[PDB]
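Consider the single chain below, provided in C-alpha cells and representing the form deposited in one PDB entry.
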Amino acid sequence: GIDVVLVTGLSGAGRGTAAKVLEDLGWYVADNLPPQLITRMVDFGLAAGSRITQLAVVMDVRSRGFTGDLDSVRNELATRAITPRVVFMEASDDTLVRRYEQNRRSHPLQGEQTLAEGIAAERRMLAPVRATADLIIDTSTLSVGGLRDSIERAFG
C-alpha cells in the first residue's frame, strides 16, 4: 500500500526541518498540502502504479478548508488500509519567539509566514464570536487617529 506521515505543529517549532529529515530518509514530501489532497494523492498514486510507497504531508491547516480535527482524514484513509502517523511539532513560547526574531534577520519571508499563520489562527478561533457580533468594525488602512475616529463614529 502506502505509508503516510502527516506533519503539523506550531509556527517555528520545526515542521520544515521534519520535512527535510523525512525527504532525506526517502519520503516523498507534499508541503503546504491541505488534507483533501491526501486521499486524492493516495488514490492517484495507487492508480498511477507509483514507485512512491512513503508519502509525507506537511499539512496546510491555516486554510478555511480544514475542520478542527483529523477524524475525517483518518476514516477515509482507513477505507484504503492505511493508518497515518501524525507528528506534532511544538516548543515553548520563549523558543518560538527567539526563532521568529532570528527569522526576521535571516529568513524574512519565513518571518512573514509566521505572522500570517498566527493571524489565520486568530481568525479561525474567533469565527464563532464574529458570527454572533452585533457590530463589526473593520479598521483596515486607518492611522492611529483614523482608528479612533472610526470607533467614535461606530459607537455614536
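For every residue, the number given is its place in the sequence shown, counted from 1. In this text, the rigid core denotes the largest set of C-alpha atoms whose superposition between the two forms falls within 1.5 Å.
Although not depicted, the form deposited in another entry is the subject of the following passage.
K.L.:
Considering only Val61, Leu96, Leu70, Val29, which residue exhibits a C-alpha shift of no less than 2 Å between the shown form and the other one, with the rigid core used for superposition?
P.N.:
Meeting the 2 Å or more criterion is only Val61.
K.L.:
Core-aligned, is the CA shift for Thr17 between the shown form and the other one 2 angstroms or more?
P.N.:
After core superposition, the C-alpha of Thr17 moves less than 2 Å between the shown form and the other one.
K.L.:
Establish whether a shift of 2 Å or more occurs at the C-alpha of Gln113 between the shown form and the other one, with the two forms superposed on the rigid core.
P.N.:
Shift at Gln113: 2 Å or more after core fit.
K.L.:
Is there a C-alpha shift of 2 Å or more at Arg40 between the shown form and the other one once the rigid core is superposed?
P.N.:
Shift of 2 Å or more: no.
K.L.:
If the C-alpha spacing of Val97 and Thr141 moves by 3 Å or more in the other entry, is that a move closer or farther apart?
P.N.:
Result: closer.
K.L.:
Relative to what's shown here, the Cα pair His107 and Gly12 differs by 3 Å or more in the other entry. Does it come closer or drift farther?
P.N.:
Result: closer.
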